[PDB]
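Note sheet for the following structure.
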Amino acid sequence: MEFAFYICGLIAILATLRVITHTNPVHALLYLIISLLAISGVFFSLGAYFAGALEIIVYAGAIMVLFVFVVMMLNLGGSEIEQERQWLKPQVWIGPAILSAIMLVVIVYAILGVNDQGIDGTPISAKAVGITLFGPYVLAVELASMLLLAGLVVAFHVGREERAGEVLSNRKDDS
Amino acid sequence: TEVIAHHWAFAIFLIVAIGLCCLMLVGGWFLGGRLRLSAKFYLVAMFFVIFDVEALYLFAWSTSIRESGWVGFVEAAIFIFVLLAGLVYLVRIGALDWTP
Amino acid sequence: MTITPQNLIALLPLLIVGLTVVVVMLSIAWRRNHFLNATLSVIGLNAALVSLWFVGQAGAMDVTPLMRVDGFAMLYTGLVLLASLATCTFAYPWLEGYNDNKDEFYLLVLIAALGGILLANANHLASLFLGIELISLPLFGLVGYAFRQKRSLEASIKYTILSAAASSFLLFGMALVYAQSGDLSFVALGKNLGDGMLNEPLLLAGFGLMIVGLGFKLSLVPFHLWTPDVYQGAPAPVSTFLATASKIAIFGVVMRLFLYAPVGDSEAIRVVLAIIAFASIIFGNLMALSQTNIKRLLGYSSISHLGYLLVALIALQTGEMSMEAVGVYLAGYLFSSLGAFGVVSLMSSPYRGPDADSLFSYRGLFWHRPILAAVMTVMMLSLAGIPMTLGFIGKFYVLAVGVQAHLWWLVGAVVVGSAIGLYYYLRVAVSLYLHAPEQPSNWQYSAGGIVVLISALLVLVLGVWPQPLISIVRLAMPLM
Amino acid sequence: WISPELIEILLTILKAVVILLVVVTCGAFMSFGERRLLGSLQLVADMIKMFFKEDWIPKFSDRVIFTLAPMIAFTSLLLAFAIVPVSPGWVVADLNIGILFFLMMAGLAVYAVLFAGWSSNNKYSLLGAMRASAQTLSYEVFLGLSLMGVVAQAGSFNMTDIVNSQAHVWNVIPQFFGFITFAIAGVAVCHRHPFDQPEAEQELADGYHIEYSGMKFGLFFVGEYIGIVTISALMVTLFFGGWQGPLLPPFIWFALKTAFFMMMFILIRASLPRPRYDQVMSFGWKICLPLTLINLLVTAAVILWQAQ
Amino acid sequence: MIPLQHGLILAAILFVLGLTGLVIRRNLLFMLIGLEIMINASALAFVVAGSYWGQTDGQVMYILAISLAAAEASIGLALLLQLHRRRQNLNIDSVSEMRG
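So the sequence lines, in the order shown, correspond to chains J, A, N, H and K. Read left to right, the first sequence gives residues 1 to 175 (the deposited numbering). Read left to right, the second sequence gives residues 7 to 39, 61 to 127 (the deposited numbering). Read left to right, the third sequence gives residues 1 to 439, 445 to 485 (the deposited numbering). Read left to right, the fourth sequence gives residues 3 to 40, 56 to 325 (the deposited numbering). Read left to right, the fifth sequence gives residues 1 to 100 (the deposited numbering).
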């Protein structure tokens, strides 16, 4: 399982490249969905079966669901921003791209110089993650439950409606 | 010499399923001649997401249920107690009822 | 490793804070009351402080691979707990004139206090990551609690996006140092290397990305650009909390990481933090010069004070008193920022709706509330490294640590930054005594008043007599 | 190039293709079976008619996700069936994550409804898609816990270990709460009759099946039914005895139990009326989720009590 | 079979592309999308690091990463909904009322 890993990585890079430089956001979210699927295939190819199954269960089955839910909810197509077309102008495109590409070349120079023992087999199943999830790492999942509770409280308090109606036209400053 | 055959069977199953759907679609094609929805839908999607990520800890607990003793049961019990406290808080505030 | 019944004693403040979290949440569900929930949160934090005393009665041990509890952890847990208590006592009068729900604030403050306690106890990379995220994420709804207002919503947006970016940076750096060293523990980050091999590329780059994330979380240069907007937009108790407790816990876990890991002997991370501390002190004192708003000025002052903490941290492997100096300066900075932001919170109480602009206008503060002006100018003296205050004791400890290990550039930076800082510090101190061009009977407003005047008496007493603070800091010594 | 390993591999490929064709024709045939229970060549005639009809792409829509929503609705819950073992030597997937994979497929099932709702350039179809997607999220949240009851009883995720742990006692009787929660979640996610068409409370909401004509509608028409037959297969292989029987062959037993459970689904089609939307969401959030969490805690205490 | 360098380079490339899409784009929704790209890249790097040494800590850090991603996505989407309901636009350069 090495050529599958390489092709999944290549189409993941391609899919997120089409994510970054797209115009309408629902197609970009679809490209991110297939990118998450490819990274899940990468996770499967490295013996992390739980990680890839989790990516499609959680990251592609719940998080992209939230993104498309918001997009399909408030009805953006990117209106008044597609016609501007700021990201497909070059004087904004060279700067951050070559800066973050300098970051890319320096961090992959930092990647090299480490001994290569290779990715081994022995796929770590969910049983090992379970036995090391409630052994040494108990407080991790307890306070992660507390953290998820805090995130739910924050986002519910910030983003509720305060108005009655299952169809609402947009008023400025909520009437 | 059996798991390779199983992986091959999985591969041909997936490939021929998408190929069957593609050929079915193109055989159907060939022949013949400012508003806003709501905020409670986003809220229920967020409830689904948060409780699914807590369900992930329950997912990983369910595989190692026997190898972890009663102390792991106690830790998962207080985890589930925190989960149910959050759920009953959501029930009692009124953010979970629909009332259309 | 398993957790023994006697290991539950060292876990007690975290369990008490979690129990008061679920008790407060059940009280919100059952009744939705403000005073009862605030009293429950205060009682839970006080019981956590008595539990910290009970921990001090017990031993200091490694509870799990995630957490090791010792005197350093006890000191930072106590500081975070009393900062959260101060945040609640400053937030009740602000929430008294609030139109929407006013109990999720206490819930998020309690959860962020739990995150600060986890960071105080963090002996692990996963524990560090979870602690800073448990600090960051309740603060999103704390900053955007007054999301009806424009500026609080903008500050919440900026804080959320930049904290997500810095969390990604920290996570990638932690992944790099896990790829380099095959153990996620603090003490085993360079144990597989030796004989001058310690300056390896992958470990150094991962620690650089971790430095980027923690420099966002400690308002260092040039990751400090979130500081004034977040301080200004957030409510004043939120500014108090994310100035004192969050930054105290993040610097505590940074000090524990740089003490326990053997990368403190590396002469590249030390130089990078020397440059960062130099630029942080100099830049923050420079942009705090021409400031009229008090919250932005306090944010730049915080940038300078984490710069002073960073120069106190550079000499950790040589000065032998850097942990004590950092603890004393953090006690002084905590009390001084607590008093200043308490004056800011009490004068900006209640909320008075989102339509009215929440400008401070500290000029003429003495002519209608003299005690608040007195404690505010005491904290303004304390933040400048001026004597008869505890901030001078902290500055003296920082300068002694910097000059013990011969950090001449950093000592000169501290001197120049303090000389620049006292300009606007005493400018605010004078301006709160001038004549006002234009221009309270409740029990909890009085409670905030006695809290800030107790902070003023504490900094005055420990400025004229710092010896009990030195005794209780040196008694709390981490296990080497 | 005649080698017995290649012969065995090609026989496994033949097993995969015959199980795919048999599940497809099972769904297609008992579509007509349900329509009679509410002439097997009538579906062949319908397929000929649907093949000889033009697919309409709306001029206000796009030619990618409008056709990709029925793609998801068919193939996601089609490859959900690859997990199911019908016999010890007639299985196509023996991978370790034998329950998480069905969770992946059920999580991706909402994409079809959402993409169809946007693809139909119609506000009412979008609102109906929002209602249906909210319902299926609100039930697939605890679908996982309903499966984790049996997973915790049987130890691992592998369905072979599940059906070998069903040797002494089937999991239906110790866990009836898990059985009813999984039945409810599978009814709601696959859009079965009681948790179906949530447009009944608003006339500003319309279905996502509208503006789908010909093959793109037939993909949904066969995809929901392939989904209900693979949900029935999941149900029998988890809670009932997978391929387990005294005398008749194991695949005959599997077919008999699957047929029994979709005649039970026909009984569901006949008996209960459709509840209101608020009642459906309130049920799925307040009753089902604490009950399955309590079921997981109870089966944890049970399996840790008699562990000797 | 697979060197660590290729997997870490893939994760680094994803992190670079996510940071680039976070910087160069004015839309807040696309900024959150890029943030989740960097979170997934760091999680992928942790998964490769855990799979190289054979330990299960990489997958646990992946679980913590996706829990943070879920909660942060919920918070960012609630903030995006509030920004749309108040400002009626999603230009991140528009909400810049705080000058130095």
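The beta carbon of each residue, even a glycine, is placed where N, CA and C say it ideally should be.
Taking 6 Å as the limit between beta carbons, can you name the residues of its chain near residue i, skipping five residues before and five after?
i: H210 (chain H); result: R286
i: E157 (chain H); result: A123 and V206
i: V401 (chain N); result: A312, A315, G319, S322 and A325
i: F360 (chain N); result: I294
i: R160 (chain J); result: none
i: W125 (chain A); result: none
i: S246 (chain N); result: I135
Let me check you understand the geometry: is the CB of residue i closer than 6 Å to at least one non-hydrogen atom of the ligand PLP?
i: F335 (chain N); result: This structure does not include the ligand PLP; it has no bound ligands of any sort.
From residue i to residue j, what does the alpha carbon distance come to, in whole angstroms?
i: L85 (chain N); j: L162 (chain N); result: 27 Å
i: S431 (chain N); j: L114 (chain N); result: 38 Å
i: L114 (chain A); j: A373 (chain N); result: 46 Å
i: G468 (chain N); j: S349 (chain N); result: 30 Å
i: residue 243 (chain J); j: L62 (chain A); result: The structure shown does not extend to residue 243 (chain J), since chain J is modelled only from 1 through 175, so no value can be given for it.
i: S168 (chain N); j: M38 (chain K); result: 6 Å
i: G77 (chain J); j: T84 (chain H); result: 19 Å
i: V189 (chain H); j: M280 (chain H); result: 18 Å
i: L108 (chain N); j: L81 (chain N); result: 14 Å
i: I311 (chain H); j: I201 (chain H); result: 17 Å
i: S51 (chain N); j: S451 (chain N); result: 27 Å
i: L39 (chain H); j: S65 (chain A); result: 40 Å
i: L68 (chain K); j: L284 (chain H); result: 44 Å
i: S94 (chain K); j: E154 (chain N); result: 10 Å
i: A217 (chain H); j: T21 (chain J); result: 41 Å
i: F251 (chain N); j: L306 (chain N); result: 8 Å
Would you kindly report the start and end of the unbroken alpha helix (DSSP H) that includes residue i?
i: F77 (chain H); result: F77 (chain H) -> no alpha helix (DSSP H), and no H or E assigned at all.
i: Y92 (chain N); result: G71 to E96
i: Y229 (chain H); result: Neither: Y229 (chain H) is in no alpha helix (DSSP H) and is coded neither H nor E.
i: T377 (chain N); result: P370 to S382
i: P138 (chain N); result: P138 to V143
i: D124 (chain A); result: No alpha helix (DSSP H) contains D124 (chain A), which DSSP labels as neither H nor E.
i: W30 (chain N); result: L12 to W30
i: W187 (chain H); result: Counting along the chain, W187 (chain H) falls outside any alpha helix (DSSP H), and DSSP gives it neither H nor E.
i: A277 (chain N); result: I269 to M287
i: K172 (chain J); result: Note, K172 (chain J): premise wrong, no alpha helix (DSSP H); not H, not E.
i: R86 (chain K); result: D57 to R87
i: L29 (chain A); result: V9 to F36
i: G339 (chain N); result: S322 to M347
i: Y178 (chain N); result: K150 to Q180
Would you grab the beta carbon distance between residue i and residue j for me? Rounded to a whole angstrom, and I think it's under 8 Å.
i: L4 (chain K); j: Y52 (chain K); result: 5 Å
i: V106 (chain J); j: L202 (chain N); result: The Cβ separation is near 12 Å, so there is no contact.
i: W88 (chain A); j: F134 (chain J); result: 7 Å
i: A317 (chain H); j: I10 (chain A); result: Actually they do not touch by this definition, with Cβ atoms about 37 Å apart.
i: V101 (chain H); j: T198 (chain H); result: Not quite, the Cβ-Cβ distance comes to about 20 Å (not below 8 Å), so this is no contact.
Starting from the C-beta of residue i, find all residues in its chain whose C-beta is less than 7 Å away, skip the five residues before and the five after it, and write them out in chain order.
i: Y351 (chain N); result: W94, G97, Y98 and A146
i: residue 53 (chain H); result: Here chain H breaks off after 40 and picks up again at 56, leaving residue 53 (chain H) without coordinates.
i: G7 (chain K); result: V48
i: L12 (chain N); result: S51, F54 and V55
Find the residues of chain C that neighbour residue i, judging by a C-beta separation of less than 8 Å, and give them in chain order.
i: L359 (chain N); result: Structure shown: chain C not included; protein chains present are J, A, N, H and K.
For this session: Return the residues of the segment 83-98 of chain A that lie within a Cβ-Cβ distance of less than 9 Å from chain K, sorted by chain order.
Result: Answer in chain order: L83, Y84 and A87.
For this session: Residues of the segment 125-144 of chain J with a CB closer than 7 Å to any CB of chain K: list them in chain order, please.
Result: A128, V129, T132, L133, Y137, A140 and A144
Exercise. Using a Cβ cut-off of 8 Å, which residues of the segment 44-78 of chain K contact any Cβ in chain A, in chain order?
Worked result: Taking 8 Å as the Cβ-Cβ cut-off against chain A, the residues of the segment 44-78 of chain K that qualify are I63, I66, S67, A70, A71, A73, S74, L77 and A78.
Exercise. Listed from N- to C-terminal order along the chain, which residues in the segment 166-185 of chain N have their beta-carbon within a distance smaller than 7 Å of any beta-carbon of chain J?
Worked result: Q180
Exercise. Between the segment 111-122 of chain A and chain N, which residues of the former have a C-beta closer than 9 Å to a C-beta of the latter?
Worked result: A112, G113, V115, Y116, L117, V118, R119 and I120
For this session: Quick one: which residues of the segment 115-143 of chain N get their C-beta closer than 7 Å to a C-beta of chain J? List them in chain order.
Result: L118, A126, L130, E133, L134, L137, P138, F140 and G141
Exercise. Looking at chain A, which residues of the segment 81-93 of chain K have a Cβ within less than 7 Å of any of its Cβ atoms?
Worked result: Within the segment 81-93 of chain K, the residues whose Cβ lies closer than 7 Å to some Cβ of chain A are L81, listed in chain order.
For this session: Note down, in chain order, all residues in the segment 82-104 of chain J with a beta-carbon under 9 Å from any beta-carbon belonging to chain K.
Result: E84, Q86, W87, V92, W93, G95, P96, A97, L99, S100, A101, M103 and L104
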